[PDB]
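File shown: entry_15.pdb (PDB, C-alpha atoms).
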```
MODEL        1
ATOM      1  CA  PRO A   1      10.034  24.662   5.421  1.00  0.00           C
ATOM      2  CA  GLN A   2       8.969  25.083   1.801  1.00  0.00           C
ATOM      3  CA  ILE A   3      10.325  22.467  -0.587  1.00  0.00           C
ATOM      4  CA  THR A   4      10.477  22.902  -4.350  1.00  0.00           C
ATOM      5  CA  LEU A   5      10.460  19.877  -6.634  1.00  0.00           C
ATOM      6  CA  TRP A   6      13.318  20.457  -9.094  1.00  0.00           C
ATOM      7  CA  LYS A   7      15.036  17.672  -7.179  1.00  0.00           C
ATOM      8  CA  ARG A   8      13.676  14.659  -5.311  1.00  0.00           C
ATOM      9  CA  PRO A   9      12.283  15.823  -1.936  1.00  0.00           C
ATOM     10  CA  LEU A  10      14.701  13.912   0.288  1.00  0.00           C
ATOM     11  CA  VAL A  11      14.959  14.502   4.033  1.00  0.00           C
ATOM     12  CA  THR A  12      16.668  12.974   7.028  1.00  0.00           C
ATOM     13  CA  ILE A  13      14.633  10.984   9.516  1.00  0.00           C
ATOM     14  CA  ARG A  14      15.534   9.232  12.739  1.00  0.00           C
ATOM     15  CA  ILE A  15      13.949   5.880  13.444  1.00  0.00           C
ATOM     16  CA  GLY A  16      14.890   3.195  15.946  1.00  0.00           C
ATOM     17  CA  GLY A  17      17.649   5.539  17.071  1.00  0.00           C
ATOM     18  CA  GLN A  18      19.294   5.518  13.633  1.00  0.00           C
ATOM     19  CA  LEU A  19      19.499   8.188  10.918  1.00  0.00           C
ATOM     20  CA  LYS A  20      18.322   7.523   7.373  1.00  0.00           C
ATOM     21  CA  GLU A  21      17.365   9.401   4.232  1.00  0.00           C
ATOM     22  CA  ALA A  22      13.811   9.243   2.871  1.00  0.00           C
ATOM     23  CA  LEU A  23      11.631  10.795   0.156  1.00  0.00           C
ATOM     24  CA  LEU A  24       8.494  12.818   1.033  1.00  0.00           C
ATOM     25  CA  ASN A  25       5.961  10.945  -1.088  1.00  0.00           C
ATOM     26  CA  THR A  26       2.407  12.259  -1.605  1.00  0.00           C
ATOM     27  CA  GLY A  27       1.837   9.325  -3.956  1.00  0.00           C
ATOM     28  CA  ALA A  28       2.135   6.749  -1.182  1.00  0.00           C
ATOM     29  CA  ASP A  29      -0.621   5.885   1.293  1.00  0.00           C
ATOM     30  CA  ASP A  30       1.931   4.356   3.661  1.00  0.00           C
ATOM     31  CA  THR A  31       5.500   4.766   4.867  1.00  0.00           C
ATOM     32  CA  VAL A  32       7.843   2.091   3.533  1.00  0.00           C
ATOM     33  CA  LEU A  33      11.498   1.720   4.476  1.00  0.00           C
ATOM     34  CA  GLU A  34      14.072  -0.670   3.077  1.00  0.00           C
ATOM     35  CA  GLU A  35      14.950  -3.826   5.009  1.00  0.00           C
ATOM     36  CA  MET A  36      16.133  -3.062   8.534  1.00  0.00           C
ATOM     37  CA  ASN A  37      15.587  -4.271  12.084  1.00  0.00           C
ATOM     38  CA  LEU A  38      13.043  -2.522  14.303  1.00  0.00           C
ATOM     39  CA  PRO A  39      12.004  -3.439  17.855  1.00  0.00           C
ATOM     40  CA  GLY A  40       8.538  -4.825  18.486  1.00  0.00           C
ATOM     41  CA  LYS A  41       6.284  -7.395  16.866  1.00  0.00           C
ATOM     42  CA  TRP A  42       5.431  -7.254  13.174  1.00  0.00           C
ATOM     43  CA  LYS A  43       2.717  -8.744  10.983  1.00  0.00           C
ATOM     44  CA  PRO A  44       3.120  -9.770   7.318  1.00  0.00           C
ATOM     45  CA  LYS A  45       1.354  -7.514   4.823  1.00  0.00           C
ATOM     46  CA  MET A  46       1.302  -6.872   1.090  1.00  0.00           C
ATOM     47  CA  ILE A  47       1.333  -3.497  -0.656  1.00  0.00           C
ATOM     48  CA  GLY A  48       1.122  -2.462  -4.282  1.00  0.00           C
ATOM     49  CA  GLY A  49       3.282  -0.232  -6.403  1.00  0.00           C
ATOM     50  CA  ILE A  50       3.727   0.859  -9.996  1.00  0.00           C
ATOM     51  CA  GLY A  51       5.207  -2.505 -10.926  1.00  0.00           C
ATOM     52  CA  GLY A  52       3.250  -4.913  -8.762  1.00  0.00           C
ATOM     53  CA  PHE A  53       2.911  -6.150  -5.195  1.00  0.00           C
ATOM     54  CA  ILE A  54       5.543  -6.963  -2.576  1.00  0.00           C
ATOM     55  CA  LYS A  55       5.485  -8.477   0.915  1.00  0.00           C
ATOM     56  CA  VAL A  56       6.437  -6.266   3.855  1.00  0.00           C
ATOM     57  CA  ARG A  57       6.577  -6.354   7.664  1.00  0.00           C
ATOM     58  CA  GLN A  58       4.214  -3.964   9.433  1.00  0.00           C
ATOM     59  CA  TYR A  59       5.319  -2.257  12.652  1.00  0.00           C
ATOM     60  CA  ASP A  60       2.756  -0.132  14.518  1.00  0.00           C
ATOM     61  CA  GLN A  61       3.071   2.946  16.742  1.00  0.00           C
ATOM     62  CA  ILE A  62       6.687   3.684  15.787  1.00  0.00           C
ATOM     63  CA  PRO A  63       8.185   7.103  16.653  1.00  0.00           C
ATOM     64  CA  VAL A  64       9.761   8.790  13.623  1.00  0.00           C
ATOM     65  CA  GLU A  65      11.457  12.175  13.506  1.00  0.00           C
ATOM     66  CA  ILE A  66      11.195  13.841  10.093  1.00  0.00           C
ATOM     67  CA  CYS A  67      13.305  16.987   9.730  1.00  0.00           C
ATOM     68  CA  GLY A  68      12.904  17.691  13.415  1.00  0.00           C
ATOM     69  CA  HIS A  69       9.158  16.961  13.385  1.00  0.00           C
ATOM     70  CA  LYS A  70       7.781  14.178  15.550  1.00  0.00           C
ATOM     71  CA  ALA A  71       5.376  11.510  14.338  1.00  0.00           C
ATOM     72  CA  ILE A  72       4.243   8.166  15.735  1.00  0.00           C
ATOM     73  CA  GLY A  73       2.624   5.694  13.393  1.00  0.00           C
ATOM     74  CA  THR A  74       2.734   2.658  11.136  1.00  0.00           C
ATOM     75  CA  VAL A  75       5.968   1.867   9.342  1.00  0.00           C
ATOM     76  CA  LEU A  76       6.314  -0.854   6.707  1.00  0.00           C
ATOM     77  CA  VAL A  77       9.684  -2.516   6.075  1.00  0.00           C
ATOM     78  CA  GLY A  78      10.486  -4.506   2.966  1.00  0.00           C
ATOM     79  CA  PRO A  79      12.215  -4.617  -0.456  1.00  0.00           C
ATOM     80  CA  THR A  80      11.311  -1.103  -1.608  1.00  0.00           C
ATOM     81  CA  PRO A  81      13.796   0.559  -3.972  1.00  0.00           C
ATOM     82  CA  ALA A  82      13.732   3.689  -1.807  1.00  0.00           C
ATOM     83  CA  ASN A  83      12.748   4.885   1.675  1.00  0.00           C
ATOM     84  CA  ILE A  84       9.469   6.753   1.402  1.00  0.00           C
ATOM     85  CA  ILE A  85       7.443   8.783   3.871  1.00  0.00           C
ATOM     86  CA  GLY A  86       3.792   8.332   2.942  1.00  0.00           C
ATOM     87  CA  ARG A  87       0.604  10.253   3.702  1.00  0.00           C
ATOM     88  CA  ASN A  88       0.019   8.475   7.020  1.00  0.00           C
ATOM     89  CA  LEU A  89       3.003  10.334   8.504  1.00  0.00           C
ATOM     90  CA  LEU A  90       2.939  13.418   6.255  1.00  0.00           C
ATOM     91  CA  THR A  91      -0.423  14.351   7.756  1.00  0.00           C
ATOM     92  CA  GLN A  92       1.042  14.076  11.262  1.00  0.00           C
ATOM     93  CA  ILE A  93       3.683  16.713  10.576  1.00  0.00           C
ATOM     94  CA  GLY A  94       1.106  18.940   8.882  1.00  0.00           C
ATOM     95  CA  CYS A  95       2.461  18.695   5.338  1.00  0.00           C
ATOM     96  CA  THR A  96       0.411  20.140   2.454  1.00  0.00           C
ATOM     97  CA  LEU A  97       0.828  20.586  -1.303  1.00  0.00           C
ATOM     98  CA  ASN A  98       0.621  24.162  -2.558  1.00  0.00           C
ATOM     99  CA  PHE A  99       0.571  25.935  -5.939  1.00  0.00           C
TER     100      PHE A  99
ATOM    101  CA  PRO B   1      -4.673  26.211  -3.755  1.00  0.00           C
ATOM    102  CA  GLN B   2      -3.593  24.210  -0.708  1.00  0.00           C
ATOM    103  CA  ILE B   3      -4.090  20.442  -0.862  1.00  0.00           C
ATOM    104  CA  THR B   4      -4.222  18.559   2.444  1.00  0.00           C
ATOM    105  CA  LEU B   5      -3.141  14.918   2.560  1.00  0.00           C
ATOM    106  CA  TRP B   6      -5.918  13.219   4.548  1.00  0.00           C
ATOM    107  CA  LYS B   7      -6.954  11.622   1.257  1.00  0.00           C
ATOM    108  CA  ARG B   8      -5.083  10.894  -1.976  1.00  0.00           C
ATOM    109  CA  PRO B   9      -4.301  14.230  -3.700  1.00  0.00           C
ATOM    110  CA  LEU B  10      -6.397  13.749  -6.841  1.00  0.00           C
ATOM    111  CA  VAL B  11      -6.984  16.578  -9.298  1.00  0.00           C
ATOM    112  CA  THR B  12      -8.505  16.984 -12.741  1.00  0.00           C
ATOM    113  CA  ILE B  13      -6.145  17.381 -15.685  1.00  0.00           C
ATOM    114  CA  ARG B  14      -6.703  18.000 -19.384  1.00  0.00           C
ATOM    115  CA  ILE B  15      -4.582  16.074 -21.860  1.00  0.00           C
ATOM    116  CA  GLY B  16      -5.121  15.328 -25.546  1.00  0.00           C
ATOM    117  CA  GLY B  17      -8.649  16.700 -25.484  1.00  0.00           C
ATOM    118  CA  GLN B  18      -9.641  14.661 -22.431  1.00  0.00           C
ATOM    119  CA  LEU B  19     -10.288  15.265 -18.750  1.00  0.00           C
ATOM    120  CA  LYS B  20      -8.868  12.808 -16.239  1.00  0.00           C
ATOM    121  CA  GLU B  21      -8.269  12.456 -12.523  1.00  0.00           C
ATOM    122  CA  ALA B  22      -4.581  12.291 -11.691  1.00  0.00           C
ATOM    123  CA  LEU B  23      -2.638  11.898  -8.458  1.00  0.00           C
ATOM    124  CA  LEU B  24      -0.155  14.662  -7.536  1.00  0.00           C
ATOM    125  CA  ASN B  25       2.896  12.509  -6.782  1.00  0.00           C
ATOM    126  CA  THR B  26       6.082  14.088  -5.378  1.00  0.00           C
ATOM    127  CA  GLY B  27       7.424  10.543  -5.278  1.00  0.00           C
ATOM    128  CA  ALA B  28       7.429  10.246  -9.071  1.00  0.00           C
ATOM    129  CA  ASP B  29      10.145  11.707 -11.321  1.00  0.00           C
ATOM    130  CA  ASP B  30       7.905  11.394 -14.372  1.00  0.00           C
ATOM    131  CA  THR B  31       4.238  11.703 -15.284  1.00  0.00           C
ATOM    132  CA  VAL B  32       2.573   8.405 -16.175  1.00  0.00           C
ATOM    133  CA  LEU B  33      -0.935   8.062 -17.555  1.00  0.00           C
ATOM    134  CA  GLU B  34      -3.082   4.975 -17.997  1.00  0.00           C
ATOM    135  CA  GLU B  35      -3.202   3.518 -21.504  1.00  0.00           C
ATOM    136  CA  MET B  36      -4.678   5.976 -24.027  1.00  0.00           C
ATOM    137  CA  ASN B  37      -4.346   6.327 -27.802  1.00  0.00           C
ATOM    138  CA  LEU B  38      -2.468   9.608 -28.260  1.00  0.00           C
ATOM    139  CA  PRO B  39      -1.234  10.612 -31.723  1.00  0.00           C
ATOM    140  CA  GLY B  40       2.416  11.349 -32.426  1.00  0.00           C
ATOM    141  CA  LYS B  41       5.766   9.604 -32.350  1.00  0.00           C
ATOM    142  CA  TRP B  42       6.922   7.914 -29.150  1.00  0.00           C
ATOM    143  CA  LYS B  43       9.853   5.948 -27.757  1.00  0.00           C
ATOM    144  CA  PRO B  44       9.838   2.726 -25.677  1.00  0.00           C
ATOM    145  CA  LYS B  45      10.899   3.086 -22.046  1.00  0.00           C
ATOM    146  CA  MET B  46      11.009   1.177 -18.762  1.00  0.00           C
ATOM    147  CA  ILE B  47      10.088   2.852 -15.483  1.00  0.00           C
ATOM    148  CA  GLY B  48      10.186   1.275 -12.061  1.00  0.00           C
ATOM    149  CA  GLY B  49       9.176   1.531  -8.442  1.00  0.00           C
ATOM    150  CA  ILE B  50       7.764  -0.763  -5.787  1.00  0.00           C
ATOM    151  CA  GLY B  51       7.052  -4.170  -7.290  1.00  0.00           C
ATOM    152  CA  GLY B  52       9.283  -3.833 -10.335  1.00  0.00           C
ATOM    153  CA  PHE B  53       9.253  -2.259 -13.798  1.00  0.00           C
ATOM    154  CA  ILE B  54       6.594  -1.704 -16.459  1.00  0.00           C
ATOM    155  CA  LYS B  55       6.984  -0.855 -20.149  1.00  0.00           C
ATOM    156  CA  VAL B  56       5.613   2.509 -21.276  1.00  0.00           C
ATOM    157  CA  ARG B  57       5.496   4.760 -24.339  1.00  0.00           C
ATOM    158  CA  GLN B  58       7.225   8.138 -24.065  1.00  0.00           C
ATOM    159  CA  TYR B  59       5.668  11.217 -25.685  1.00  0.00           C
ATOM    160  CA  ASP B  60       7.461  14.575 -25.673  1.00  0.00           C
ATOM    161  CA  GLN B  61       6.165  18.145 -25.504  1.00  0.00           C
ATOM    162  CA  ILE B  62       2.560  17.260 -24.705  1.00  0.00           C
ATOM    163  CA  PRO B  63       0.353  20.138 -23.459  1.00  0.00           C
ATOM    164  CA  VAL B  64      -1.260  19.303 -20.111  1.00  0.00           C
ATOM    165  CA  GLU B  65      -3.464  21.557 -18.006  1.00  0.00           C
ATOM    166  CA  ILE B  66      -3.545  20.843 -14.273  1.00  0.00           C
ATOM    167  CA  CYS B  67      -6.309  22.514 -12.266  1.00  0.00           C
ATOM    168  CA  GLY B  68      -6.267  25.454 -14.654  1.00  0.00           C
ATOM    169  CA  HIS B  69      -2.476  25.656 -14.624  1.00  0.00           C
ATOM    170  CA  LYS B  70      -0.895  25.052 -18.014  1.00  0.00           C
ATOM    171  CA  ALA B  71       2.199  22.932 -18.414  1.00  0.00           C
ATOM    172  CA  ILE B  72       3.912  21.087 -21.242  1.00  0.00           C
ATOM    173  CA  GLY B  73       6.367  18.235 -21.085  1.00  0.00           C
ATOM    174  CA  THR B  74       7.078  14.537 -21.410  1.00  0.00           C
ATOM    175  CA  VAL B  75       4.220  12.155 -20.706  1.00  0.00           C
ATOM    176  CA  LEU B  76       4.637   8.388 -20.346  1.00  0.00           C
ATOM    177  CA  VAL B  77       1.736   6.076 -21.206  1.00  0.00           C
ATOM    178  CA  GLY B  78       1.397   2.460 -20.125  1.00  0.00           C
ATOM    179  CA  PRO B  79      -0.252  -0.084 -17.771  1.00  0.00           C
ATOM    180  CA  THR B  80       0.007   2.035 -14.619  1.00  0.00           C
ATOM    181  CA  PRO B  81      -2.550   1.348 -11.854  1.00  0.00           C
ATOM    182  CA  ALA B  82      -3.202   5.092 -11.599  1.00  0.00           C
ATOM    183  CA  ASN B  83      -2.739   8.360 -13.491  1.00  0.00           C
ATOM    184  CA  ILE B  84       0.297  10.025 -11.938  1.00  0.00           C
ATOM    185  CA  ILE B  85       1.545  13.590 -12.290  1.00  0.00           C
ATOM    186  CA  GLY B  86       5.255  13.672 -11.461  1.00  0.00           C
ATOM    187  CA  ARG B  87       7.831  16.329 -10.635  1.00  0.00           C
ATOM    188  CA  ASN B  88       8.547  17.080 -14.299  1.00  0.00           C
ATOM    189  CA  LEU B  89       5.142  18.790 -14.444  1.00  0.00           C
ATOM    190  CA  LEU B  90       4.745  19.766 -10.754  1.00  0.00           C
ATOM    191  CA  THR B  91       7.689  22.180 -10.977  1.00  0.00           C
ATOM    192  CA  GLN B  92       6.028  23.811 -13.986  1.00  0.00           C
ATOM    193  CA  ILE B  93       2.900  24.759 -12.030  1.00  0.00           C
ATOM    194  CA  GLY B  94       4.931  26.054  -9.091  1.00  0.00           C
ATOM    195  CA  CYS B  95       3.930  23.252  -6.740  1.00  0.00           C
ATOM    196  CA  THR B  96       5.729  22.996  -3.381  1.00  0.00           C
ATOM    197  CA  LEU B  97       5.609  20.831  -0.252  1.00  0.00           C
ATOM    198  CA  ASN B  98       5.152  22.844   2.942  1.00  0.00           C
ATOM    199  CA  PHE B  99       5.293  21.971   6.646  1.00  0.00           C
TER     200      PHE B  99
ATOM    201  CA  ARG C   1      15.964   3.392 -13.164  1.00  0.00           C
ATOM    202  CA  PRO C   2      13.463   3.339 -10.245  1.00  0.00           C
ATOM    203  CA  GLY C   3      11.773   6.736 -10.241  1.00  0.00           C
ATOM    204  CA  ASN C   4       8.057   6.341  -9.578  1.00  0.00           C
ATOM    205  CA  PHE C   5       7.198   5.354  -6.021  1.00  0.00           C
ATOM    206  CA  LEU C   6       3.420   5.201  -6.142  1.00  0.00           C
ATOM    207  CA  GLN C   7       2.232   3.021  -3.276  1.00  0.00           C
ATOM    208  CA  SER C   8      -1.020   1.743  -1.829  1.00  0.00           C
ATOM    209  CA  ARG C   9      -2.571  -0.910   0.379  1.00  0.00           C
ATOM    210  CA  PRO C  10      -4.709  -3.695  -1.167  1.00  0.00           C
TER     211      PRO C  10
ENDMDL
END
```
Mind turning the file's structure into C-alpha cells?
Amino acid sequence: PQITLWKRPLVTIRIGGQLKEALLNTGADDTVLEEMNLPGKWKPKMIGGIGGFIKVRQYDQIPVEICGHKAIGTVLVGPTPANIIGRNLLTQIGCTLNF
Amino acid sequence: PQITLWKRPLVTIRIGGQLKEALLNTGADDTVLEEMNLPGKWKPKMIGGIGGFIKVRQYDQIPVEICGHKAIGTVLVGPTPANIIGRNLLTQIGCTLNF
Amino acid sequence: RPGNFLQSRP
C-alpha cells in the first residue's frame, strides 16, 4: 500500500500469536515493542533514543506479520513509549520512502 | 526519488543558510535539529521518545529545503543526537511510505 | 507528549 504521513503511520502486526498496533519508523534501526512476554531466550541490551538510553530484552529470529506481510527477525522488548517497527524489519517487507 | 532502507535514510537539507544531513523519520511528529544559533523569537518546549524528554526551542515558519524540495514549518532546536526531519515537513514534500 | 521515536543501537 501507499501510506501518506498526515497521521502517524500505524499498522497492525501479529507477534507471538497476538495482535498489536505499531508505528512504521524509518528513524529506528531496530524494532522495539513495549513490555510483553515472548517465547525463547533473550539477552539484555541497551538502545538509545531522543532522550537517552534504556535497557531492553533482545529476542532473535521472531516471526512478525506486518499488514499481512511476513518477516522474521530481531525484536527488542522494553519500556518504549510506543511500539515501533524499525528498518531491520521494514527492509524485509520491501518498504521504501518516496517523494 | 525512492529511498531504500538498508541504511539510515539521510539526506541533505538547507536551513538558515546552512546545509546539513538529516534523517527522514516517519517516527517523528516534529522536525528536530541539533543546536544551532538561528535568529528570531522562539518558545520553550519538551519533546520525548525512547529514553525520556529533552528541552528544545521552537521556531515557527522556517524555510527548509529538502533534497531540492521546498517546505516551510516549525523547527525545534535542542540537544538531539541527530538532525531529524519529521512528518510536519515530510507531508509538505509529498513523501510516502510504500510496500 | 512522546512524539519522536528516533532509535539506534550503541
Separating CA of residue 6 (chain C) from CA of residue 16 (chain A), to the nearest tenth of an Å, is a gap of 25.0 Å
| message | I need the chain C residues near chain B as number ranges by chain; criterion: at most 7 Å, counting only C-alpha atoms. | response | C: 1-6
What does the distance between CA of residue 20 (chain B) and CA of residue 90 (chain A) come to in Å, to one decimal place?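 These atoms are spaced 25.4 Å apart.
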Self-check item: the PyMOL selection byres ((chain B and resi 62) around 9) resolved against shown file, as a PyMOL selection string
Solution: chain B and resi 15-16+59-61+63-64+71-75
Exercise. Just so the selection is clear, what residues does the PyMOL selection byres ((chain B and resi 3) around 12) cover here, as an NGL selection string?
Worked result: (:A and (26 or 91 or 94-99)) or (:B and (1-2 or 4-11 or 23-24 or 67 or 95-98))
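Taking CA of residue 39 (chain A) and CA of residue 8 (chain C) as the two end points, the separation is 24.2 Å.
Ranking B:38, B:54, B:33, B:19 by their shortest atom-to-atom distance to chain A, with only C-alpha atoms included, puts B:54 first.
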